[PDB]
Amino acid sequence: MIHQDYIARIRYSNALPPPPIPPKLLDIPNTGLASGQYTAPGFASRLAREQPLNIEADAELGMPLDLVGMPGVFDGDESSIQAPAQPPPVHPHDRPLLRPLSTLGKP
């Protein structure tokens, strides 16, 4: 009797969406690894060039020291390979080579 109340059937639902069937992606033609571009030497040629150059020609660095032929050295005298007592005046074109490292500026 007095248990009457607002009437509102109470149920839960989990209805599914209909299959949307969206648009379809298409395959975009591309350069694979099998297409040689990435495996060709060429692709590495830039990388090869920006590598620092070696400037070391020899173990002696291009200034080979031999006494052979040097007039008296095998006998007593190193005259031939000895600096004069009196340093010569500096040549204008050697002046720039003689500048101390400090004088050079910043690398």
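Residue numbers here begin at 1 and follow the sequence given.
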| query | finding |
| --- | --- |
| Between the two ranges 62-70 and 36-44, the one averaging a larger CA B factor in the entry | 36-44 |
| Stretch with the higher entry mean CA B-factor, where the candidates are 74-82 and 53-61 | 74-82 |
| Chain thirds of CA B-factor: placement of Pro89 | middle |
| For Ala15, the third of its chain into which the C-alpha B factor falls | middle |
